[PDB]
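Consider the single chain below, provided in structure tokens and representing the form solved without ligand DGT.
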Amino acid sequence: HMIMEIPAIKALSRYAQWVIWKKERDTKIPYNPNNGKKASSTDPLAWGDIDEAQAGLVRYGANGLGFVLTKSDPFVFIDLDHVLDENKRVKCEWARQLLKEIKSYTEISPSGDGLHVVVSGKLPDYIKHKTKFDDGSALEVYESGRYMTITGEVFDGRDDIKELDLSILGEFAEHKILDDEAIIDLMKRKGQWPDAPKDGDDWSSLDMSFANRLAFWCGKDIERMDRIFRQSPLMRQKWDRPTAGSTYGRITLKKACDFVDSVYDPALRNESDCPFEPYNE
């Protein structure tokens, strides 16, 4: 019950890497506990010690404590998203197996339906930071570059941070072997990024309007058009349904590449050649 009695919290209290956070829309924004300004996750002087963070939590009415991971500290943060049922029991088999294999400090997340594990160790080189599973759960692992919310809501009595080898995370996380995010950001700034379909929209007509825009902004690079489309609000299973010896998605993208005259060239920044008006908001 008493968060300062928890061994893991006493261990984290040695580091002046604490922030406070507040819920904003669907995100949790970290704040500098000494002056209440938004905190950078890479400026050490934006953080506090745990006493400062607890005072700041009170002073500014924040929702909770957070702890910033850095490459120099011993800590790895493992986030298990959407793995608990309504009785706070684990409902994902991958998560139950991870917790059998990686026994270290575990707390219930602020939403009440995920878990945080904190371990002393180093991530294997060959795993992705984020892995999504078919049932909506996810596994995220980080050792630096962001903060973690700290609840002190200890799960299954796992109240202490342990030194463990994390090679076993390769059993759970996916392996790994302009720029797409840069083109996505560009399209968003130009108002050329679609909204999710609404009731009574003709989705296939939305797809073609978007494919036409991708043909321009991606320079008729059909592989890049496809990667970006799959990250858009218009993605659905029909995209990959076989149709006449191709798929619905490939036929759509090839028709857009034939239909669109101009192309954006990042070397030329010819944004006024775009043939299509921005989407209405």
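Numbering starts at 1 and runs along the sequence shown. Take the two forms, superpose them, and find the largest set of C-alpha atoms that agree within 1.5 Å; that set is the rigid core.
In what follows, reference is made to the form deposited with ligand DGT bound, a form of this protein that is not presented.
Transferred by C-alpha superposition from where it sits in the deposited complex, ligand DGT keeps all its atoms beyond 2.4 Å of the backbone and C-beta atoms, leaving the site open. Checking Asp160, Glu140, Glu153, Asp73 against ligand DGT in the deposited complex, a heavy atom within 4.5 Å turns up for just one residue: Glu140. The partner is absent here, but in the deposited complex a heavy atom of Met148, alone among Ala95, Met148, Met187, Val117, sits within 4.5 Å of ligand DGT.
Figure note: of the listed segments 168-176, 188-196, 205-213, 105-113, the one touching ligand DGT in the deposited complex, with heavy atoms no more than 4.5 Å away, is 105-113.
Candidate site formed by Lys28, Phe77 and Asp81: every one of these residues places a non-hydrogen atom within 4.5 angstroms of ligand DGT in the deposited complex. No residues of 233-266 lie near ligand DGT in the deposited complex, the criterion being any heavy atom within 4.5 Å. Core-based superposition between the shown form and the other one shows that, of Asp195, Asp135, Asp201, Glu163, only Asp135 has its Cα displaced by 2 Å or more.
With the core held fixed, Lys255 shows a CA shift below 2 Å between the shown form and the other one. Once both forms are fitted on their rigid core, the CA atom of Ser246 lies less than 2 Å apart between the shown form and the other one.
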